[PDB]
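Numbering-wise (the deposited numbering), the sequence shown opens with residue 11 and increments by one. Backbone N, C-alpha and C fix where the C-beta goes; we use that ideal spot for every residue, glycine too. A quick write-up on the structure given underneath.
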Amino acid sequence: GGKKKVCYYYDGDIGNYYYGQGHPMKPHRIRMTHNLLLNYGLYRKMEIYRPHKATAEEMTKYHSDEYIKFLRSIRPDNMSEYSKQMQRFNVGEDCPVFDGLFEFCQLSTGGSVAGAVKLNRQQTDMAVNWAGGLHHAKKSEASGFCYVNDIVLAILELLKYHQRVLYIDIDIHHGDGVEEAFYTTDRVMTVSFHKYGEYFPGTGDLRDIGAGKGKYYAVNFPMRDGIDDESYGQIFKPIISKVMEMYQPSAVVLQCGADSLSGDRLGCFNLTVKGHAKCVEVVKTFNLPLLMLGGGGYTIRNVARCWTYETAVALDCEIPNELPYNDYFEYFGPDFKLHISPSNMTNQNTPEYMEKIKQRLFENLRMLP
Ligand SMILES: [NH3+][C@H](CCc1ccccc1)C(=O)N1CCCC1
Ligand SMILES: [Ca+2]
Ligand code: NA
Ligand SMILES: [Zn+2]
Numbered sequence: 011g012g013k014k015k016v017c018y019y020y021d022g023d024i025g026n027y028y029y030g031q032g033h034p035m036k037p038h039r040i041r042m043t044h045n046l047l048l049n050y051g052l053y054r055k056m057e058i059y060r061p062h063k064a065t066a067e068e069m070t071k072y073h074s075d076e077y078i079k080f081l082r083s084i085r086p087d088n089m090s091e092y093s094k095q096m097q098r099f100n101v102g103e104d105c106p107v108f109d110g111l112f113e114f115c116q117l118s119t120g121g122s123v124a125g126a127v128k129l130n131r132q133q134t135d136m137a138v139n140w141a142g143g144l145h146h147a148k149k150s151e152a153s154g155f156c157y158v159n160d161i162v163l164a165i166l167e168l169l170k171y172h173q174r175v176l177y178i179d180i181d182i183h184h185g186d187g188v189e190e191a192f193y194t195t196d197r198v199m200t201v202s203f204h205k206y207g208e209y210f211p212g213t214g215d216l217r218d219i220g221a222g223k224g225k226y227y228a229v230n231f232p233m234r235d236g237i238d239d240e241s242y243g244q245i246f247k248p249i250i251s252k253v254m255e256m257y258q259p260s261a262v263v264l265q266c267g268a269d270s271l272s273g274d275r276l277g278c279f280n281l282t283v284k285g286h287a288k289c290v291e292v293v294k295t296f297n298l299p300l301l302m303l304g305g306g307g308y309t310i311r312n313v314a315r316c317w318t319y320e321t322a323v324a325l326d327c328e329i330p331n332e333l334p335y336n337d338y339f340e341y342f343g344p345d346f347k348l349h350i351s352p353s354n355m356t357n358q359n360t361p362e363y364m365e366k367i368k369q370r371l372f373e374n375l376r377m378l379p
């Protein structure tokens with residue numbers, strides 16, 4: 011038990027990176043989050059750090075030299091000279107070239123790796139990097155609005171001092187890049203809950219369980235549209251409890267993508283902020299070194315609410331439902347409250363479906379040593 015020491019990573023410049031006209035990914039949401047939680051007074055209870063800019067050396071602990079050289083070189087003014095490389099590395103459409111792209115990667119990654127170092131040094135219990143969580147980036151390829159996989163880099167940092175690391179992903183999308191990086195090792199178990207079926211990235215079937223020494227160390231919980239707080243709560247705690255019991259990790263990384271909330275512009279789930287944050291509460295109870303990361307999230311008022319509340323949860327600090335005045339106060343109308351209501355959308359995940367998938371995953375977890 012007990013309240014935990016929390017270190018939080020933020021760079022004020024993050025909100026100025028712009029993916030381009032009409033692109034749904036808005037780094038500004040991280041600044042909105044920051045401003046809201048400062049206005050609730052949460053800075054009084056945690057240490058706030060500005061991350062360093064991760065170097066090419068740091069990024070090539072996972073990514074290829076050629077891919078990182080390309081990301082460090084490509085700019086809107088020289089794009090026409092790089093048309094071949096852009097296609098090779100899947101940059102230029104979903105993952106656009108924007109001003110300051112590499113610096114955005116460096117700040118996103120720096121927070122996650124800095125948090126992992128702090129955890130390794132036993133100087134904090136929890137580290138938070140809401141600018142992180144870019145779970146789709148691959149060794150030599152951008153994907154899913156992600157360029158550099160800060161998560162994989164942070165886990166590699168943790169593996170210097172931790173024999174077994176658990177990765178949990180509650181973003182609505184499958185954490186495919188993290189899963190791929192660790193698919194053939196038992197030193198990282200990856201557990202993703204996600205919408206599955208005619209949905210990005212197309213991976214994360216129940217039957218994808220890892221390979222080689224990593225067989226049984228990837229866990230995928232495929233879901234349908236409309237999952238609600240009750241349905242999610244009923245499987246998350248039992249799955250994570252069984253994973254904790256069987257895998258016995260010494261550190262945890264939790265990707266908290268807010269695109270699994272009700273009303274998300276790109277998502278199709280029906281979780282409230284309380285339902286999402288219940289996941290952070292469950293993981294926190296195991297009293298392991300914990301790195302909490304961001305992720306997707308497209309209805310930006312709800313992203314700010316979600317990550318503010320989850321910061322409060324990390325701190326065991328009760329905050330009022332009445333939102334404090336802040337620099338983005340108009341974004342939180344018409345109610346100006348912290349918590350959200352679910353919609354009346356149909357939950358396609360029947361209780362029987364949820365129990366059945368849970369039972370199939372428990373069968374796989376029985377195969378751990
Ligand atoms: N979870 C992913 C986005 C990952 C991400 C990218 C950049 C910064 C932070 C998090 C998502 O929502 N996507 C929508 C379709 C393509 C991927
Ligand atoms: Ca997920
Ligand atoms: Na693995
Ligand atoms: Zn997502």
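Test item: CB-CB of residue 117 and residue 141 under 8 Å: Translated into positions along the sequence shown, residue 117 becomes position 107. Translated into positions along the sequence shown, residue 141 becomes position 131. Result yes, Cβ atoms of residue 117 and residue 141 sit closer than 8 Å.
The stretch 333-341 contacting the stretch 284-304, beta-carbon criterion three pairs below 8 Å: no
Sequence-distant residues of the same chain with beta carbon closer than 6 Å to residue 114, five excluded per side: Numbered from its first residue, the sequence shown carries residue 114 at position 104. Hits under 6 Å: 27.
Sheet register partners of residue 153 (DSSP bridge): Counted from its first residue, the sequence shown places residue 153 at position 143. Its beta-bridge partners are 156.
Whole-angstrom distance between residue 18 and residue 438, CA atom to CA atom: Residue 438 falls outside the range modelled here, since the chain spans only 11 to 379, and no answer is possible.
Distance, residue 122 Cα to residue 199 Cα: The residue labelled residue 199 in the question sits at position 189 within the sequence shown. The residue labelled residue 122 in the question sits at position 112 within the sequence shown. Cα to Cα, the separation comes out at about 18 Å.
CA-to-CA distance, residue 42 to residue 106, given in whole angstroms: Taking the sequence shown and counting its residues from 1, one reaches residue 106 at position 96. Taking the sequence shown and counting its residues from 1, one reaches residue 42 at position 32. Looking at the two C-alpha atoms, the distance is approximately 23 Å.
Residues passing the C-beta test against ligand 4 heavy atoms, cut-off 6 Å: Residue list for ligand 4: 181, 182, 183, 267, 269, 305, 306 (CB closer than 6 Å to any heavy atom, chain order).
Test item: CB-CB of residue 371 and residue 138 under 8 Å: Numbered from 1 along the sequence shown, position 361 holds the residue referred to as residue 371. Numbered from 1 along the sequence shown, position 128 holds the residue referred to as residue 138. Contact: no.
Residue of 364, 225, 273 minimising C-alpha distance to residue 190: In the sequence shown, the residue the question calls residue 190 occupies position 180. Residue 190 has its Cα closest to that of 225, out of 364, 225, 273.
Pair within 8 Å by beta-carbon distance, residue 144 and residue 321: Taking the first residue of the sequence shown as 1, we reach residue 144 at position 134. Taking the first residue of the sequence shown as 1, we reach residue 321 at position 311. For residue 144 and residue 321, no; Cβs fall outside 8 Å.
Residue closest to residue 364, alpha-carbon to alpha-carbon, out of 315, 245, 280, 346: As a first step, residue 364 is located in the sequence shown; it is residue number 354 there, counting from the start. Considering only alpha carbons, the answer is 245.
Unbroken stretches of the alpha helix (DSSP H), 4 residues or longer, contained in the stretch 273-356: With a minimum length of 4 residues, the continuous alpha helix (DSSP H) runs that stay inside the stretch 273-356 are 283-294, 310-324.
Check: residue 254 C-beta below 7 Å from any heavy atom of ligand 1: Here the question's residue 254 lines up with position 244 in the sequence shown. No, since every heavy atom of ligand 1 falls outside the 7 Å radius drawn around the Cβ of residue 254.
With 16 other Cβ atoms within 10 Å as the buried cut-off, status of residue 344: Position 334 of the sequence shown, counting from 1, holds the residue named residue 344. Burial call: exposed.
Whole-angstrom C-beta distance between residue 186 and residue 146, which should lie under 8 Å: Residue mapping note: residue 146 aligns to position 136 of the sequence shown, counting from 1. Residue mapping note: residue 186 aligns to position 176 of the sequence shown, counting from 1. Right, the Cβ-Cβ distance comes to about 6 Å (below 8 Å), so this counts as a contact.
Three-state secondary structure (DSSP) of residue 144: Here residue 144 refers to the residue found at position 134 when the sequence shown is read from its first residue. If DSSP states are grouped into helix, strand and coil, residue 144 belongs with coil.
Nearest residue (CA-CA) to residue 33, options 45, 102, 77: In the sequence shown, residue 33 corresponds to position 23, counting from 1. Answer by Cα proximity: 102.
Sub-8 Å separation of residue 164 and residue 125 beta-carbons: To locate residue 164, count along the sequence shown from 1; it is residue 154. To locate residue 125, count along the sequence shown from 1; it is residue 115. For residue 164 and residue 125, yes; Cβs fall inside 8 Å.
Rounded straight-line distance, which links the Cα of residue 242 to that of residue 285: Along the sequence shown, one-based indexing puts residue 285 at 275. Along the sequence shown, one-based indexing puts residue 242 at 232. Approximately 8 Å, taken between the alpha carbons.
Rounded distance between the beta-carbons of residue 202 and residue 231, thought under 8 Å: Position 221 of the sequence shown, counting from 1, holds the residue named residue 231. Position 192 of the sequence shown, counting from 1, holds the residue named residue 202. Correct: roughly 7 Å between the Cβ atoms.
Residue 237 (DSSP reduced to helix, strand or coil): By 1-based counting over the sequence shown, the position of residue 237 is 227. Reduced to three states, the DSSP call for residue 237 is coil.
Check whether residue 266 and residue 205 have beta carbons under 8 Å apart: For this step, residue 266 is matched to residue 256 along the sequence shown. For this step, residue 205 is matched to residue 195 along the sequence shown. For residue 266 and residue 205, no; Cβs fall outside 8 Å.
Straight-line Cα distance separating residue 377 from residue 216: Your numbering for residue 216 matches position 206 in the sequence shown. Your numbering for residue 377 matches position 367 in the sequence shown. Their backbone Cα atoms lie some 15 Å apart in a straight line.
Residue 66 - DSSP class collapsed to helix/strand/coil: What you label residue 66 is simply residue 56 of the sequence shown in a count that begins at 1. Residue 66 falls in the helix class under three-state DSSP.
Limits of the unbroken alpha helix (DSSP H) element including residue 95: Looking up residue 95 in the sequence shown gives position 85. Here the alpha helix (DSSP H) through residue 95 covers 93-98.
Residue 73 and residue 170 closer than 8 Å at C-beta: For the purposes of this step, residue 73 is taken as the residue at position 63 of the sequence shown. For the purposes of this step, residue 170 is taken as the residue at position 160 of the sequence shown. Result no, Cβ atoms of residue 73 and residue 170 do not sit closer than 8 Å.
beta-carbon residue 155 near ligand 2 non-hydrogen atom, thresh 7 Å: To locate residue 155, count along the sequence shown from 1; it is residue 145. No - ligand 2 has no heavy atom lying nearer than 7 Å to the Cβ of residue 155.
Through-space distance from residue 54 to residue 183, alpha-carbon basis: Taking the sequence shown and counting its residues from 1, the one referred to as residue 183 is at position 173. Taking the sequence shown and counting its residues from 1, the one referred to as residue 54 is at position 44. In a straight line, the C-alpha of residue 183 is about 34 Å away from that of residue 54.
Closest residue to residue 109 among 85, 269, 98 (Cα-Cα distance): The residue labelled residue 109 in the question sits at position 99 within the sequence shown. Answer by Cα proximity: 85.
Exposed unless 16 or more other CB atoms sit within 10 angstroms - verdict on residue 360: Within the sequence shown, residue 360 is the residue found at index 350, counting from 1. Label assigned to residue 360: exposed.
Pair within 8 Å by beta-carbon distance, residue 168 and residue 71: For this step, residue 168 is matched to residue 158 along the sequence shown. For this step, residue 71 is matched to residue 61 along the sequence shown. Not a contact, by the Cβ cut-off of 8 Å.
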